[PDB]
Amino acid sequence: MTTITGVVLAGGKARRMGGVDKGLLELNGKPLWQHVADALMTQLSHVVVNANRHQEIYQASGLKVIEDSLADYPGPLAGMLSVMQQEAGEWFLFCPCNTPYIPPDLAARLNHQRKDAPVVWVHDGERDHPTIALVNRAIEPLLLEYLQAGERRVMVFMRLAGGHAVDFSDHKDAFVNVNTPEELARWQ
């Protein structure tokens, strides 16, 4: 009953009892994933999080936590598919839990620039961010087929699905990633 569901992708796996839980690192007191969820809630009424470790902690801010299917598909596409299989509604705006500075016109600009494509993603002027992506329902069967086929490559999938990049080069450092504790330390 809203047009796009926002989704924070907080990672899959724990293919060696985790390591650092990136989404739970705190940037100025607030977990990175909650920075992203808050930014998505500025622009979208319905936001959920895909998390596969420390689920009770993710649950504490009162959003729906969605875990990956038993299929244990690889890579960020596995989380995308698991969320489309467990949420209704025609459009999803995915964003990793690592990009706390995403802007309040993310959804609006991706939608304005979608131009009939079933998926679009952010390009920051330097690189693609294919997991910051507005994705239509129609992608779900294609994603299932790709991951059942043993594939993992994100950009290859986005190309196969007929997507395109949307230029956010004018949004300075809104798309920076905080992948390690060492980077985070800098941004405080």
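Numbering starts at 1 and follows the sequence shown.
Trainee: Report the stretch with the higher mean CA temperature factor, choosing between 9-17 and 163-171 on the basis of the entry.
Mentor: In the deposited entry, the stretch with the higher C-alpha B-factor mean is 9-17.
Trainee: Mind pulling up the entry and telling me whether 152-160 or 55-63 has the higher mean Cα temperature factor?
Mentor: On average, C-alpha B-factors are higher across 55-63.
Trainee: For the C-alpha B-factor as written in the entry, point me to the maximum among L77, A71, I102, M84.
Mentor: When the deposited C-alpha B-factors of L77, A71, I102, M84 are compared, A71 is largest.
Trainee: Considering only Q43, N50, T131, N28, which residue's Cα atom bears the greatest B-factor as recorded?
Mentor: Among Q43, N50, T131, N28, the highest C-alpha B-factor in the entry belongs to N28.
Trainee: Can you work out whether the C-alpha temperature factor of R127 puts it in the lowest, middle or highest third of the chain?
Mentor: Tercile = highest for this residue's CA B-factor.
Trainee: Within this chain, which third does the Cα B-factor at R109 fall in: lowest, middle or highest?
Mentor: Ranked within chain, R109 CA B lands in the lowest tercile.
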